[PDB]
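Structure, as structure tokens:
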Amino acid sequence: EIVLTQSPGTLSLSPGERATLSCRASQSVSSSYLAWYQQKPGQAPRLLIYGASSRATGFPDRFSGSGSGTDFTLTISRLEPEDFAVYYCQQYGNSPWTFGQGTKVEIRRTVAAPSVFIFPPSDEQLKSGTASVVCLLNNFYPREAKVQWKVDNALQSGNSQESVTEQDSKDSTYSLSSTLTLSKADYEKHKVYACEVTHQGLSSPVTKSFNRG
Amino acid sequence: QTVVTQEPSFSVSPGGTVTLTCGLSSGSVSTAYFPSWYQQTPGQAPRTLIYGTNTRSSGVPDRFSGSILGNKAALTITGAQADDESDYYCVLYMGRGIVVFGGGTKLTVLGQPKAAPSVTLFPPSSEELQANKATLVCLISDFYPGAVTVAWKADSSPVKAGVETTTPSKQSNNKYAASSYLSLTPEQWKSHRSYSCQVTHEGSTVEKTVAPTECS
Amino acid sequence: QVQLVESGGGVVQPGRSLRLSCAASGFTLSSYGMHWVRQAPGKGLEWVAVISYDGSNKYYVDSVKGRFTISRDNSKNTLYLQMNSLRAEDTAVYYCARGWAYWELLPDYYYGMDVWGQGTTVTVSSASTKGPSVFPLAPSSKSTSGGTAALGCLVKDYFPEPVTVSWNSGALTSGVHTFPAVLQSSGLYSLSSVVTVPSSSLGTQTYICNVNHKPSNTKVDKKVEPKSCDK
Amino acid sequence: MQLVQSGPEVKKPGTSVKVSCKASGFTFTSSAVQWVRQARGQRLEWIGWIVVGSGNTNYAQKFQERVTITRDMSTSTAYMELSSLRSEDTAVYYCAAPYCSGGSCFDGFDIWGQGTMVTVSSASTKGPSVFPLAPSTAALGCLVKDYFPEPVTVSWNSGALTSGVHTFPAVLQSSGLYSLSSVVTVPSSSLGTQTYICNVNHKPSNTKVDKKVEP
Amino acid sequence: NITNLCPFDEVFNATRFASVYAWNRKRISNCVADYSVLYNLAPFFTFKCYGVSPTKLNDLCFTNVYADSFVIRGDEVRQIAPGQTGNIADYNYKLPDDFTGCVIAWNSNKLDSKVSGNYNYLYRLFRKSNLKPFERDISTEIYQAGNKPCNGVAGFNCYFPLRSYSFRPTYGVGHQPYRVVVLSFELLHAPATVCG
Ligand SMILES: *[C@@H]1O[C@H](CO)[C@@H](O)[C@H](O)[C@H]1NC(C)=O
């Protein structure tokens, strides 16, 4: 019933595209028992094409597609800018009416170097909430992100908080940060800190925190 | 085409209360479909149990009740009794000439414990061998329950050709009995040094063997 | 007493035709609708045909459309089922059932059946009718390691069911097991009748098994002797 | 054309739940309604379907029990019943229904809802702890911990200056709490002139926190 | 003169009744009608008429009459009336605006309801039309919302109607089964039938 697992995953494209969206089917689902929903972050998904048959009541033209009883496909050509968001496969006819996974779209841009900087914690941590080190980056292109640390005589990854934002309206650019919370009451066993991030075009940077206290 | 789904089989100790369910794979079941429940003993005619989804047939004991649970027709039985073990069937109605039954459910009451099976094997007779035809008969008797598996070995090698099985049938002693027939030619019956029938019943494995030298 | 008699069952060659008859005692068929429902060994019940109380409409299942007919006779209170273009899958036992009446006015797509008769069996078989084959079944000399030993008669390659087996002209009844026959690859039947007797009885009593087949009108008597593997 | 849901809920983990969908702009004498589940950055899950011809429904394999829906033909609304949902169900519920008028109508679900905020936690709504970030051409910002899941807005003393604002989302912590931040880089080497702010407001319990940032 | 009367007790005192959709349509002819005995019934008794004073009928000599009756859930006994909207009105039974005659309603609480609840009465739900008053409609096909050919699968938008009632043994008068009979006799007096 649920083997949908659409083939397109992470793909980036500039205007002038040949995008193909394809739902797989566990069984031969009858026509007009399919749906494709367009969700935009912050609001409910919208209904555009139902059953690979026809477009919605009022919506942009020039994109529509009909698929087979198991491989349901549609085409996207020369997209207008705001049609960059997730899609969803929706199934009818068979109970339970399970749903799809989701497909994301974006645009190429460069990655080189987001995070040549670092911020040590403030001295008020002696009576503040919790000893957390902030390690920021700006303008990182891909979704994937590997961040590593080197604490003074401490190798533990049980707790680590990282926050990522979405693409930028002006430039379609991602950006994230790591707010690593660690032991606060001690403040003695951990003196040397590091927040290293690696990218193919970034090589091996250096992040040497000044000794605290 | 609509198909009605039912559980294969339940087994419950006497005196308990059990629920039997009949469901629809294509949607919800409403009282408009008018569920009905019937029971059948093999080799006999079925008897009316429940119609109207809450009304018992004439003479039916009050120990059986019918209702609807979610989208499934439900039969509740209180005080399990030995005679109640039987096949049970649901009947559902589609308008004007389409009435469908479920998959059936065999209800069994947990009464007598395991019964030791009895194995008896017969090699082909001399007259039958003279008729250029060979058949070995491995019969099993007095086994309970009927869940049984059979296998045949010749010179410790599995054999699947010429084998025919008989469905277990309940005997007068409240037990089951059946047999297996191995059809082979006299030449290949002489080919192997030994022939064995093996029976598996509730995890119990019994081997029984004869050899051509015994019939020489 | 409300009773239904079904007749006409038997074994027929494929593609032929027959008329199954149902007689009703206790009431008049004109006041009720009738059901024919079949059940195959090893299978579940399957709905076949019905007729309403007025004879206005007739419904069937998709598998049987255009090949069989149902009819009823109010004068003599009879129910006829015409079987045409028979095929092997229809071998089963059929039952005639009686349901609610216009006497009790209930909504349409009538609720069906309350009680039925014994039914009758039909077998669409292409096999020919020929007499049984009878052989003895003597336990091995190494198969007598207990106080009781089993000896019998094996009947095979006969048509059709049923066949009667007796021991010593019915003088022996205790310890007799007549396992049901099964259909083989050839479409024939075979079974074995086995009786258990104690070790002292071997060589002291003469045992004979009698096999009788009505359709072939064949009667055979066969002696049973435990093979003495001497020298 | 108009579909209205309930308001936000900060509710204790484990009694019950009320949720509502009221519809308008079409003939609600015969239609269908759909209920789904959606969490932030998470899969979309099916819950149930109804609508007003007959009480009828089915449920997913994870939700046959402990889930009920009430028709409530009056006022063109329908309700749904920790129900008995575990703590890991801080998700958006939404509403769905097709447009119908006369009996023959569309197949898809075009009318949709807006979302509801249901939150189960320790239930301690207090003024979030707000902390500055002194700068080391440069950058600096504001941090907030013990930062309750209500949408908290941080300004920059002018309701403007969106030239590098970084409003980061919220994630679960060990204590089950939520922390965020907002950091901006300075346009040029002018750290010794002009000052910015960490104005933060809390609307349900109206608490306003104000402070300077300076190295 | 003649001592022969119209057979009416067999209808009013009937072995069983009809269903919500569909009905018996009984014909009476060549007899005298005395509805005075009709006054003898349960105190819960609704007898409201149009076209004639309720008592001045026995002296009349109008044409044939038709008989039909059935049972309805409690509240909407007002909903059945000449020419006003309603789901049962526009889907099961409509009455002409210029109708002459009347209906009789009363309670049947103890005769019908069972402790577990009797499920024997049911009515259509998704008719894609508004049937005229007094035309037969019996059917069992599953309703389709149109659009695409559901093709007898009973899936989405292709619904089987009806949804039979509950008839709980105890309940409020709103959802309490009420027995109603709709009486309709014609006019123009030329095929004079019953009279008095
Ligand atoms: C039905 O029978 C009862 C029992 O005698 C009687 O009292 C009642 O009047 C009858 N109904 C009518 C309409 O006459």
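By convention here, the chains of the structure tokens are called A, B, ... in the order presented, each chain's residues are numbered starting at 1, and ligands are numbered starting at 1 in the order presented.
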Contact residues around stretch 114-117 of chain C with only C-alpha atoms at 7 Å, ignoring same-chain residues under 3 positions, as a compact mmCIF listing (two decimals) with N, CA, C and O atoms, in the first residue's frame:
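For reference, out_7.txt as written:
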# COMPACT_ATOMS: atom_id res chain seq x y z
N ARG B 47 -27.30 -24.27 10.28
CA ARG B 47 -28.43 -23.86 11.10
C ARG B 47 -28.41 -22.34 11.29
O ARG B 47 -27.35 -21.75 11.50
N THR B 48 -29.59 -21.73 11.21
CA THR B 48 -29.70 -20.28 11.37
C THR B 48 -29.40 -19.87 12.81
O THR B 48 -30.04 -20.35 13.75
N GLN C 3 -40.29 -29.39 5.29
CA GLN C 3 -39.19 -30.23 4.85
C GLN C 3 -39.00 -30.07 3.35
O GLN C 3 -39.97 -29.88 2.61
N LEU C 4 -37.74 -30.14 2.91
CA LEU C 4 -37.39 -30.01 1.51
C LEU C 4 -36.61 -31.24 1.07
O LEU C 4 -35.67 -31.67 1.75
N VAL C 5 -37.01 -31.81 -0.07
CA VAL C 5 -36.37 -32.99 -0.63
C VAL C 5 -35.68 -32.58 -1.93
O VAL C 5 -36.34 -32.10 -2.86
N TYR C 95 -27.94 -27.01 -1.89
CA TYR C 95 -29.00 -26.92 -0.90
C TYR C 95 -30.06 -25.94 -1.37
O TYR C 95 -29.76 -24.95 -2.04
N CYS C 96 -31.31 -26.24 -1.00
CA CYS C 96 -32.46 -25.39 -1.28
C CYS C 96 -32.95 -24.79 0.03
O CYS C 96 -33.26 -25.53 0.97
N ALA C 97 -33.03 -23.47 0.09
CA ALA C 97 -33.35 -22.74 1.30
C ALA C 97 -34.60 -21.89 1.10
O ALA C 97 -34.91 -21.47 -0.02
N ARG C 98 -35.29 -21.63 2.21
CA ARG C 98 -36.56 -20.91 2.22
C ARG C 98 -36.40 -19.67 3.08
O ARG C 98 -35.86 -19.73 4.19
N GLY C 99 -36.88 -18.53 2.57
CA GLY C 99 -36.72 -17.26 3.27
C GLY C 99 -38.02 -16.59 3.65
O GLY C 99 -39.07 -17.23 3.68
* For ligand 1, collect every residue having any atom at a distance of at most 10 Å from a ligand atom (counting only C-alpha atoms and all ligand atoms); output as a PyMOL selection string. => chain E and resi 8-14+35+37-42
Write a file of the selected residues as a compact mmCIF listing (two decimals), in the first residue's frame, keeping N, CA and C atoms.
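Result file follows (selection.txt):
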# COMPACT_ATOMS: atom_id res chain seq x y z
N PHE E 8 -61.45 -1.53 7.11
CA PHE E 8 -60.42 -0.58 7.52
C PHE E 8 -59.60 -1.05 8.70
N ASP E 9 -60.15 -1.91 9.56
CA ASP E 9 -59.43 -2.34 10.75
C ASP E 9 -58.17 -3.10 10.40
N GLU E 10 -58.21 -3.92 9.34
CA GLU E 10 -57.04 -4.68 8.95
C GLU E 10 -55.86 -3.77 8.61
N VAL E 11 -56.14 -2.55 8.16
CA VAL E 11 -55.06 -1.59 7.92
C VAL E 11 -54.65 -0.91 9.22
N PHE E 12 -55.62 -0.35 9.94
CA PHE E 12 -55.32 0.35 11.19
C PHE E 12 -54.76 -0.60 12.23
N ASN E 13 -55.35 -1.79 12.35
CA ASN E 13 -54.84 -2.87 13.19
C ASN E 13 -54.20 -3.88 12.24
N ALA E 14 -52.94 -3.63 11.88
CA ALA E 14 -52.23 -4.45 10.91
C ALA E 14 -51.23 -5.36 11.61
N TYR E 35 -65.79 6.66 10.09
CA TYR E 35 -64.55 6.99 10.77
C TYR E 35 -64.76 7.39 12.23
N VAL E 37 -65.42 5.44 14.76
CA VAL E 37 -64.62 4.50 15.54
C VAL E 37 -63.15 4.89 15.50
N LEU E 38 -62.73 5.62 14.47
CA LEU E 38 -61.36 6.12 14.40
C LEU E 38 -61.03 7.07 15.55
N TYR E 39 -62.05 7.67 16.17
CA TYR E 39 -61.81 8.49 17.35
C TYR E 39 -61.19 7.70 18.49
N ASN E 40 -61.42 6.39 18.53
CA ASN E 40 -60.94 5.54 19.62
C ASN E 40 -59.50 5.13 19.32
N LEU E 41 -58.55 5.84 19.93
CA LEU E 41 -57.14 5.52 19.78
C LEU E 41 -56.39 6.14 20.95
N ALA E 42 -55.07 6.04 20.92
CA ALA E 42 -54.25 6.54 22.01
C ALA E 42 -54.38 8.05 22.13
Please, which residues in chain A fall within 8 Å of chain E when counting only C-alpha atoms, and what is the closest atom pair and distance in Å to one decimal for each, ordered by chain then residue number, as JSON lines?
{"residue": "A:32", "atom": "CA", "partner": "E:148", "partner_atom": "CA", "distance": 7.6}
{"residue": "A:92", "atom": "CA", "partner": "E:156", "partner_atom": "CA", "distance": 7.8}
{"residue": "A:93", "atom": "CA", "partner": "E:155", "partner_atom": "CA", "distance": 6.2}
Limited to N, CA and C atoms, could you put the picked residues into a file as a JSON list (two decimals), in the first residue's frame?
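Final output, saved to again.json:
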[["chain", "number", "residue", "atom", "x", "y", "z"],
["A", 32, "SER", "N", -7.85, 9.48, -11.82],
["A", 32, "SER", "CA", -8.62, 10.43, -11.02],
["A", 32, "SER", "C", -8.69, 10.05, -9.55],
["A", 92, "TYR", "N", -5.96, 7.91, -3.36],
["A", 92, "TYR", "CA", -7.37, 7.71, -3.09],
["A", 92, "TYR", "C", -7.71, 6.22, -3.23],
["A", 93, "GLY", "N", -9.00, 5.92, -3.18],
["A", 93, "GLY", "CA", -9.49, 4.61, -3.55],
["A", 93, "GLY", "C", -9.28, 3.51, -2.53]]
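With the cut-off set to 7 Å and only C-alpha atoms counted, chain E residues close to chain D are residues 125, 128, 145, 146 and 163 of chain E.
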Just to be explicit: take each residue in the selection above, keep N, CA and C atoms, and write the result as a PDB file, in the first residue's frame.
ATOM      1  N   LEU E 125     -31.130   8.750   0.707  1.00  0.00           N
ATOM      2  CA  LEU E 125     -30.280   9.808   1.238  1.00  0.00           C
ATOM      3  C   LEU E 125     -29.618  10.684   0.175  1.00  0.00           C
ATOM      4  N   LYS E 128     -30.426  12.430  -6.659  1.00  0.00           N
ATOM      5  CA  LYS E 128     -29.977  13.579  -7.443  1.00  0.00           C
ATOM      6  C   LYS E 128     -31.130  14.157  -8.263  1.00  0.00           C
ATOM      7  N   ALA E 145     -21.832  10.296  -7.328  1.00  0.00           N
ATOM      8  CA  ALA E 145     -21.812  11.755  -7.396  1.00  0.00           C
ATOM      9  C   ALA E 145     -21.533  12.278  -8.792  1.00  0.00           C
ATOM     10  N   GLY E 146     -21.485  11.412  -9.800  1.00  0.00           N
ATOM     11  CA  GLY E 146     -21.196  11.833 -11.155  1.00  0.00           C
ATOM     12  C   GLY E 146     -19.713  11.838 -11.450  1.00  0.00           C
ATOM     13  N   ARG E 163     -28.931   4.248   5.396  1.00  0.00           N
ATOM     14  CA  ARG E 163     -28.621   4.539   6.800  1.00  0.00           C
ATOM     15  C   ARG E 163     -29.860   4.365   7.688  1.00  0.00           C
TER      16      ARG E 163
END
* Give me the residues within 12 Å of stretch 24-29 of chain C as a ChimeraX atom specification, counting only C-alpha atoms and dropping any in the same chain fewer than 2 places off. => /C:1-7,21-22,31-35,51-55,71-80,96-102,116-117
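Nearest residue to chain A among D:152, D:1, D:180, D:186 is D:180, counting only C-alpha atoms.
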Hey, list the chain D side of the contact with chain A: 10 Å cut-off, only C-alpha atoms, answer as a compact mmCIF listing (two decimals) with N, CA, C and O atoms, in the first residue's frame.
# COMPACT_ATOMS: atom_id res chain seq x y z
N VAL D 36 -5.98 15.13 8.85
CA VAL D 36 -4.61 14.69 8.64
C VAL D 36 -3.76 15.18 9.80
O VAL D 36 -4.22 15.90 10.68
N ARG D 40 6.21 19.97 12.20
CA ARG D 40 7.20 20.82 11.55
C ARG D 40 8.38 20.00 11.05
O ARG D 40 8.91 19.15 11.78
N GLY D 41 8.75 20.22 9.80
CA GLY D 41 9.84 19.46 9.20
C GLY D 41 9.63 17.96 9.27
O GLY D 41 10.57 17.22 9.60
N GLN D 42 8.42 17.50 8.97
CA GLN D 42 8.05 16.12 9.25
C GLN D 42 7.10 15.62 8.16
O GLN D 42 6.50 16.40 7.43
N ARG D 43 6.99 14.30 8.08
CA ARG D 43 6.11 13.62 7.15
C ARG D 43 4.65 14.07 7.35
O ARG D 43 4.27 14.60 8.39
N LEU D 44 3.84 13.84 6.31
CA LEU D 44 2.41 14.06 6.35
C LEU D 44 1.70 12.72 6.53
O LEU D 44 2.01 11.77 5.81
N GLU D 45 0.77 12.66 7.47
CA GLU D 45 0.12 11.41 7.84
C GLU D 45 -1.39 11.54 7.73
O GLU D 45 -1.96 12.60 8.02
N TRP D 46 -2.03 10.46 7.30
CA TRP D 46 -3.48 10.38 7.20
C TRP D 46 -4.08 10.01 8.55
O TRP D 46 -3.53 9.19 9.28
N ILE D 47 -5.22 10.63 8.88
CA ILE D 47 -5.87 10.36 10.16
C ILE D 47 -7.26 9.77 9.93
O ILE D 47 -7.53 8.64 10.36
N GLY D 48 -8.14 10.52 9.28
CA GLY D 48 -9.51 10.05 9.15
C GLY D 48 -10.29 10.79 8.09
O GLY D 48 -9.86 11.83 7.58
N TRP D 49 -11.47 10.25 7.78
CA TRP D 49 -12.38 10.87 6.83
C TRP D 49 -13.80 10.70 7.34
O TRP D 49 -14.12 9.69 7.98
N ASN D 58 -13.22 5.65 8.82
CA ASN D 58 -12.19 4.64 8.99
C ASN D 58 -10.95 5.32 9.54
O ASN D 58 -10.81 6.54 9.48
N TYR D 59 -10.04 4.51 10.08
CA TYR D 59 -8.85 5.04 10.73
C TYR D 59 -7.63 4.27 10.26
O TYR D 59 -7.71 3.11 9.84
N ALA D 60 -6.48 4.94 10.33
CA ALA D 60 -5.22 4.31 9.98
C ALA D 60 -4.85 3.24 11.00
O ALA D 60 -5.43 3.15 12.09
N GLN D 61 -3.86 2.43 10.65
CA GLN D 61 -3.46 1.30 11.49
C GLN D 61 -2.99 1.75 12.87
O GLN D 61 -3.08 0.98 13.83
N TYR D 94 -4.96 20.69 10.64
CA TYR D 94 -5.57 21.15 9.39
C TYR D 94 -7.00 20.65 9.21
O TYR D 94 -7.53 19.92 10.07
N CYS D 95 -7.63 21.04 8.11
CA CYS D 95 -8.99 20.63 7.77
C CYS D 95 -9.06 20.52 6.25
O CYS D 95 -8.31 21.20 5.54
N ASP D 107 -14.07 16.25 -7.02
CA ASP D 107 -13.53 15.08 -6.34
C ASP D 107 -12.42 15.45 -5.35
O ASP D 107 -12.35 14.88 -4.26
N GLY D 108 -11.56 16.40 -5.71
CA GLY D 108 -10.43 16.73 -4.87
C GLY D 108 -10.82 17.57 -3.66
O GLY D 108 -11.94 18.05 -3.52
N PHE D 109 -9.84 17.75 -2.77
CA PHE D 109 -10.00 18.56 -1.57
C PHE D 109 -9.33 19.91 -1.83
O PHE D 109 -8.12 20.07 -1.62
N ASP D 110 -10.11 20.88 -2.29
CA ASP D 110 -9.57 22.21 -2.57
C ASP D 110 -9.71 23.17 -1.38
O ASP D 110 -8.76 23.89 -1.06
N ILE D 111 -10.86 23.19 -0.71
CA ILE D 111 -10.99 23.99 0.51
C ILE D 111 -10.14 23.35 1.60
O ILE D 111 -10.34 22.19 1.97
N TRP D 112 -9.20 24.12 2.14
CA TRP D 112 -8.33 23.65 3.22
C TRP D 112 -8.31 24.69 4.33
O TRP D 112 -8.77 25.82 4.17
N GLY D 113 -7.77 24.29 5.48
CA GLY D 113 -7.76 25.10 6.68
C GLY D 113 -6.49 25.91 6.84
O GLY D 113 -5.77 26.18 5.87
N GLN D 114 -6.21 26.29 8.08
CA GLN D 114 -5.07 27.14 8.39
C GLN D 114 -4.10 26.55 9.40
O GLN D 114 -2.92 26.92 9.38
N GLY D 115 -4.54 25.66 10.27
CA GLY D 115 -3.68 25.02 11.24
C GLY D 115 -4.04 25.38 12.67
O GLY D 115 -4.65 26.42 12.96
N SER D 129 14.32 33.55 29.05
CA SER D 129 15.60 34.15 29.39
C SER D 129 16.28 34.67 28.13
O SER D 129 16.54 33.90 27.19
N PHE D 131 19.52 36.86 26.46
CA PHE D 131 20.92 37.10 26.77
C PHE D 131 21.58 37.80 25.59
O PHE D 131 21.23 37.55 24.43
N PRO D 132 22.52 38.70 25.84
CA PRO D 132 23.16 39.46 24.76
C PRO D 132 24.33 38.69 24.15
O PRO D 132 24.67 37.58 24.56
N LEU D 133 24.95 39.31 23.15
CA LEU D 133 26.10 38.72 22.46
C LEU D 133 27.02 39.86 22.04
O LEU D 133 26.82 40.48 20.99
N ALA D 134 28.02 40.13 22.87
CA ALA D 134 28.98 41.19 22.55
C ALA D 134 29.82 40.79 21.34
O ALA D 134 30.25 39.64 21.23
N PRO D 135 30.05 41.72 20.41
CA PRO D 135 30.87 41.40 19.24
C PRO D 135 32.34 41.24 19.60
O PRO D 135 32.82 41.78 20.60
N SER D 136 33.04 40.49 18.77
CA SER D 136 34.47 40.26 18.97
C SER D 136 35.29 41.49 18.60
O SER D 136 36.51 41.42 18.49
N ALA D 138 32.20 42.55 11.00
CA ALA D 138 31.99 41.85 12.26
C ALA D 138 30.53 41.43 12.34
O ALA D 138 29.75 41.64 11.40
N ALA D 139 30.16 40.83 13.47
CA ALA D 139 28.80 40.34 13.67
C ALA D 139 28.51 40.25 15.16
O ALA D 139 29.43 40.25 15.99
N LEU D 140 27.22 40.19 15.49
CA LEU D 140 26.77 40.07 16.87
C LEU D 140 25.27 39.82 16.84
O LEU D 140 24.61 40.00 15.82
N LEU D 143 20.46 36.06 22.02
CA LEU D 143 20.18 34.66 22.30
C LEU D 143 18.99 34.58 23.25
O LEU D 143 18.75 35.49 24.04
N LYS D 145 17.11 31.44 25.75
CA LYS D 145 16.91 30.11 26.29
C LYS D 145 15.73 30.15 27.25
O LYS D 145 15.27 31.22 27.66
N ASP D 146 15.24 28.96 27.63
CA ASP D 146 13.98 28.83 28.36
C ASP D 146 12.88 29.60 27.64
O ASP D 146 12.17 30.44 28.20
N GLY D 164 20.18 41.11 6.83
CA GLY D 164 21.05 40.13 7.45
C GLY D 164 20.51 39.59 8.76
O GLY D 164 21.24 38.97 9.54
N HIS D 166 18.82 37.00 11.06
CA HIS D 166 18.82 35.54 11.03
C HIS D 166 17.93 35.02 12.15
O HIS D 166 18.40 34.73 13.26
N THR D 167 16.64 34.89 11.87
CA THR D 167 15.67 34.34 12.82
C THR D 167 15.71 32.82 12.70
O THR D 167 15.22 32.25 11.71
N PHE D 168 16.29 32.15 13.70
CA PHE D 168 16.45 30.71 13.58
C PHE D 168 15.30 29.98 14.26
O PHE D 168 14.71 30.47 15.23
N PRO D 169 14.95 28.78 13.77
CA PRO D 169 13.81 28.05 14.33
C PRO D 169 14.10 27.43 15.69
O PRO D 169 15.18 27.64 16.26
N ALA D 170 13.14 26.66 16.21
CA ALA D 170 13.22 26.08 17.54
C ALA D 170 13.32 24.56 17.44
O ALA D 170 12.76 23.94 16.53
N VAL D 171 14.05 23.97 18.39
CA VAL D 171 14.26 22.53 18.45
C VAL D 171 14.06 22.06 19.88
O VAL D 171 14.19 22.84 20.84
N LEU D 172 13.71 20.79 20.03
CA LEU D 172 13.55 20.20 21.36
C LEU D 172 14.90 20.09 22.06
O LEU D 172 15.95 19.91 21.43
N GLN D 173 14.87 20.20 23.38
CA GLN D 173 16.04 20.04 24.22
C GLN D 173 15.82 18.88 25.20
O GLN D 173 14.77 18.23 25.20
N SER D 174 16.84 18.62 26.02
CA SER D 174 16.76 17.51 26.97
C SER D 174 15.61 17.70 27.96
O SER D 174 14.88 16.75 28.27
N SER D 179 14.66 27.04 22.81
CA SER D 179 15.88 28.11 22.55
C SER D 179 16.09 28.57 21.10
O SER D 179 16.33 27.74 20.21
N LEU D 180 16.14 29.89 20.89
CA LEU D 180 16.45 30.40 19.56
C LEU D 180 17.41 31.58 19.67
O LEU D 180 17.90 31.92 20.75
N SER D 181 17.70 32.19 18.52
CA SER D 181 18.66 33.28 18.47
C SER D 181 18.40 34.11 17.22
O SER D 181 17.66 33.71 16.32
N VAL D 183 21.07 36.74 14.92
CA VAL D 183 22.39 37.33 14.82
C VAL D 183 22.53 38.03 13.47
O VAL D 183 22.14 37.49 12.43
N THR D 185 25.28 40.50 11.03
CA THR D 185 26.62 41.01 10.81
C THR D 185 26.57 42.51 10.54
O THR D 185 25.62 43.03 9.93
* Structure fact -> With distances taken over only C-alpha atoms, the candidate from E:143, E:124, E:118, E:71 nearest residue E:87 is E:124
List every residue of chain E that has an atom at most 9 Å from any atom of chain B, giving for each one its closest atom pair and the distance in Å to one decimal, counting only C-alpha atoms, sorted by chain and then by ascending residue number, as a Markdown table.
| residue | atom | partner | partner_atom | distance |
| --- | --- | --- | --- | --- |
| E:116 | CA | B:54 | CA | 6.7 |
| E:117 | CA | B:54 | CA | 7.7 |
| E:118 | CA | B:54 | CA | 7.6 |
| E:119 | CA | B:31 | CA | 6.8 |
| E:120 | CA | B:52 | CA | 8.0 |
| E:122 | CA | B:32 | CA | 7.8 |
| E:139 | CA | B:95 | CA | 8.4 |
| E:140 | CA | B:95 | CA | 5.0 |
| E:141 | CA | B:95 | CA | 6.6 |
| E:142 | CA | B:95 | CA | 8.2 |
| E:152 | CA | B:1 | CA | 8.2 |
| E:153 | CA | B:1 | CA | 6.9 |
| E:154 | CA | B:26 | CA | 7.3 |
| E:155 | CA | B:26 | CA | 7.1 |
| E:161 | CA | B:32 | CA | 8.8 |
| E:162 | CA | B:32 | CA | 6.9 |
| E:163 | CA | B:32 | CA | 6.3 |
| E:164 | CA | B:32 | CA | 6.0 |
| E:165 | CA | B:31 | CA | 8.9 |
